[PDB]
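Numbering (the numbering used here), first residue to last: 92 to 189.
Data first, discussion second: the structure below is written as structure tokens.
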Amino acid sequence: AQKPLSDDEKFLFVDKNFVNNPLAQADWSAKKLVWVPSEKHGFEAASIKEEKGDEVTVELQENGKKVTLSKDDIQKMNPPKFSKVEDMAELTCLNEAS
């Protein structure tokens with residue numbers, strides 16, 4: 092995006108030059124990726140396995156932990172595309188996790 096930064100500039104502007112990769116864009120196929128409540132991370136990414144409407148057996152794609160969790164808990168994921176940007180605007184999912 093812009094001129095990359097010095098030691099001083101690096102603290103002025105965010106490192107605007109973000110990047111793009113096939114793996115996170117191939118992984119999109121797991122559209123049931125949702126963010127899930129956590130003490131330690133705030134939130135992490137898990138996936139919807141069996142939709143009980145208001146519950147879903149969600150399963151973590153970290154520990155593999157099947158946690159039947161509610162639709163209202165499960166906070167629809169935000170891909171790295173908007174990472175740590177210049178304004179607090181550009182994040183598509185304006186959400187708690189993000």
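For every residue, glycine included, the Cβ atom is placed at its ideal position computed from N, Cα and C.
(request) Kindly indicate the opening and closing residues of the beta strand (DSSP E) around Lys-172. (result) Unbroken run through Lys-172: none, as it is neither H nor E.
(message) For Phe-104, which residues in the same chain have their Cβ closer than 8 Å to its Cβ, ignoring the five residues on either side in sequence?
(response) The answer, listed in chain order, is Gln-93, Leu-96, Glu-177.
(message) Within a Cβ cutoff of 8 Å, which residues of the same chain sit near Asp-164, ignoring the five residues on either side of it in sequence?
(response) Hits under 8 Å: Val-127, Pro-128.
(message) Looking at the strands, I want to know which residues DSSP matches up with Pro-128.
(response) DSSP lists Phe-134 as partners of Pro-128.
(request) Kindly indicate which residue of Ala-188, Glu-100, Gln-166 has the alpha-carbon position closest to the one of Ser-174. (result) Distance check between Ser-174 and each of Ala-188, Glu-100, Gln-166 places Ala-188 closest, using alpha-carbon atoms only.
(message) Suppose the cutoff is 6 Å on Cβ atoms and the five residues either side in sequence are ignored; what does the same chain contact list for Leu-151 look like?
(response) Closer than 6 Å at the Cβ level, and outside the excluded window around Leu-151, lie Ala-137.
(message) Closest to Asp-118 by C-alpha separation, out of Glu-181, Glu-146, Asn-169, would be which residue?
(response) That would be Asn-169, whose Cα lies nearest to the Cα of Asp-118.
(request) Would you mind sorting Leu-185 into buried or exposed? The rule is 16 or more other CB atoms within 10 Å of its CB. (result) Burial is judged here by how many other beta carbons sit within 10 angstroms of a residue's own beta carbon; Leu-185 has fewer than 16 and is exposed.
(request) In the DSSP assignment, find the alpha helix (DSSP H) that holds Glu-146 and state where it starts and stops. (result) Going by DSSP, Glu-146 is part of no alpha helix (DSSP H) but of the beta strand (DSSP E) stretching over 146 to 151.
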